[PDB]
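Trainee: I have a structure here, written as structure tokens, and I will follow up with some questions on it.
Number of protein chains: 2
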Amino acid sequence: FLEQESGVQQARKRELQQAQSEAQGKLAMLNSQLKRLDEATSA
Amino acid sequence: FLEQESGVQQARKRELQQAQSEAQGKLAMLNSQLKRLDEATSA
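So the sequences go chain by chain: A and B.
Using UniProt numbering, you'd call the opening residue of the first sequence number 679 and step up by one each time.
Using UniProt numbering, you'd call the opening residue of the second sequence number 679 and step up by one each time.
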């Protein structure tokens with residue numbers, strides 16, 4: 679009851695997925711440009 | 679009962695997913711143009 683009244687109940691449940699998905703996708707896609715730079719500098 | 683009567687019950691349950699999906703997709707796809715600019719400036 680305490681949680682549903684303005685706590686982790688509606689704090690985390692978005693935080694978890696949004697932060698995880700955003701950070702993972704952004705880091706992988708930023709590594710994409712690193713892979714492409716390696717492509718350019720190799721062949 | 680209080681929540682279902684005009685509160686977080688129907689406030690958050692869209693807010694969470696819409697904000698998360700929109701923000702994540704928009705930030706990743708905006709980083710797409712950054713990756714493409716790096717492509718252009720590299721090779």
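For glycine and all other residues, C-beta sits at the position ideal for the given N, C-alpha and C.
#1: Let me see if you follow: with CB-CB separation under 7 Å, is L705/A close to chain B or not?
#2: Determine the direct distance from the alpha carbon of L680/A to that of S710/B, and round the result to whole angstroms.
#3: Throw me the rounded Cβ distance for the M707/A and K713/B pair, which I believe falls under 8 Å.
#4: Are there 16 or more other CB atoms within 10 angstroms of the CB of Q698/A, so buried, or fewer, so exposed?
#5: Against chain A, does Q702/B count as a neighbour if the rule is that its beta carbon must be under 7 Å from one of theirs?
#6: Over the uninterrupted alpha helix (DSSP H) stretch that includes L715/A, give me the two end residues.
Mentor: So, from the data block:
#1: The sequence position of residue 705/A within the first sequence is 27, counting from 1. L705/A is outside the set of residues whose beta carbon lies under 7 Å from a beta carbon in chain B.
#2: Walking along the second sequence from the start, residue 710/B turns up at place 32. Walking along the first sequence from the start, residue 680/A turns up at place 2. Distance between the alpha carbons of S710/B and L680/A: 42 Å.
#3: Taking the first sequence and counting its residues from 1, the one referred to as residue 707/A is at position 29. Taking the second sequence and counting its residues from 1, the one referred to as residue 713/B is at position 35. In this structure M707/A is in contact with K713/B, their Cβ atoms being roughly 7 Å apart against a cut-off of 8 Å.
#4: For the purposes of this step, residue 698/A is taken as the residue at position 20 of the first sequence. Only exposed fits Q698/A, as fewer than 16 other CB atoms lie within 10 angstroms of its CB.
#5: Counting from one through the second sequence, the residue named residue 702/B turns up at place 24. Yes, its Cβ sits closer than 7 Å to a Cβ of chain A.
#6: Start at 1 with the first residue of the first sequence, and residue 715/A comes out as number 37. 686 to 720 is the span of the alpha helix (DSSP H), which, as asked, contains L715/A.
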